[PDB]
Structure formats: C-alpha cells, structure tokens
C-alpha cells in the first residue's frame, strides 16, 4: 500500500486553446487563449502584459507578442490579477526570456515567491514555478509605462492580493475606460470561521463594493466567461459583456447563496 502519486493540475481543453491576438482597444490586445485572458498593452516606450495564463503558455505568449511587433526585450512590465497557476503560471519563464519586471502588492508577491504553494484553500495542489516581484505596489498606486497610467485597486477575496487594474485607452481617438477586475468567485472555500482567513467574508463584501465603483466603460476578467466575454467570436467578443455593477452584483448573489448553504 504505497503513498499516492503526485497529481498534476489539469484544466479544461478550452483554457489551453491558442488564439490569434484579438484587439480590445487602440493599444489593448487579448493574446491568451479562448478561456484565459492575457492582455497586452502596447505603448511607445514598451509593452505591458497583464496575466499570462497557464504555465505552459509562455511560448504562445511570445508568439503573439512577435505578431504584434513586440520583441521579447520590449516587454517592460508584468502585472497580475492574482497569483494562481492559471493566471501567473508562465511569469517565471517570461521573466527569464523578456527582461521584464513584475509589479504586485505584498500579498501577491509572497504567494508568487513560493510558486502558489501553501495556498490558503488549495494547499499544494496547484503549484507553479516561483517568481519574485521587482516592485511592490500599494492600493491606489499608479504605474506609468509609455504615457499610460495603470491604477491598482485592491479587491481581496479570491486571494489576499487580488487586484483590479484600471487604465484609459482609446478606440479610434475616443477614450475608453478599461477595468480588468479580478475574479470574485470562491470555489469550495470555507467562508465562515476559516482559521487561515479569519476576515474572508468581510474582505469579499468590501471587494464587491470596490468593483461597483470602478471607473469602467469596458470590463474584462481573468476568465472571460465571468464577464460574459467570448473570445471565439472575435469582432463580437464584447457583445453581451457585463458592466462593473452587473458583475459584482451577480458575484455577491452566488456568494450569499454559497455562504447560506455552508451554514446548513
């Protein structure tokens, strides 16, 4: 009766389906997969990448960046929603091959430094290669690259370092406020009385209100289905996309129902 073997982190095949760069605004591009968002913001002084997806997506990301005329040495900054394997997986490999830096808050940095191990809910089940953060950012801090300002909005819940990023881009001259809001889900979490996260419910509640008040004309999420995006229908991907209010209100309804079922 030997000990169990190690189990790999397996995801749906749609999370790993490569796609060509889909344009979101004049400078913003989706270069991830069909069910995983990886945003590229091209500026005059370099490129900014938000999230990266699964650890085995680093090659596909460099391929799409090459398609957009972005050399590896042109990636300046990597920003993250939260440091889980399905969103910050290839961060370590992308740092070695691009010369980019990583900016994240303290909670995302310490989780990223241990490769997502010792998770508050998942333990060591979802482990990815570790990476270090080069710049620690605070709530409301502005990160500027090539004349584009990225404002961080802390929204703890899914992870203690969950962060929504807001920036203003154009769409044929007309400005558009983009809000890349992190996930507001809690799959299988113990919500009430968690010894590892004593103030989990209070953080989620404050994060719901944080998402509602985000300056947003167009909303994106790490998982495109969370905001009703569909990267498969390229030009009509943002057809039935939710607002910031509709996204936070829908997430809280599932949170209260899950919280009430946990008490039973």
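For clarity, a rigid core is taken as the largest C-alpha set superposing within 1.5 Å between two forms. Numbering follows the first chain given and starts at 1.
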query	finding
More variable segment, 92-100 or 166-174 [Cα RMS over structures in 8 other deposited structures of this protein, core-superposed]	166-174
197-205 versus 66-74 - greater average Cα B-factor per the deposited record	66-74
Segment of higher mean CA temperature factor, 228-236 or 57-65	228-236
Out of 248, 20, 13, 242, residue topping the C-alpha B-factor column of the entry	13
47, 220, 39, 216, ranked by C-alpha B-factor: the highest one	216
Position of residue 121 among the chain's modelled residues by C-alpha B-factor, lowest, middle or highest third	middle
Chain-relative CA temperature factor third for residue 187	middle
Entry-reported Cα temperature factor of residue 176, expressed as the chain third it lands in	highest
Residue 146, C-alpha B-factor rank within chain (lowest, middle or highest third)	highest
Cα B factor band for residue 51 (lowest, middle or highest third within the chain)	lowest
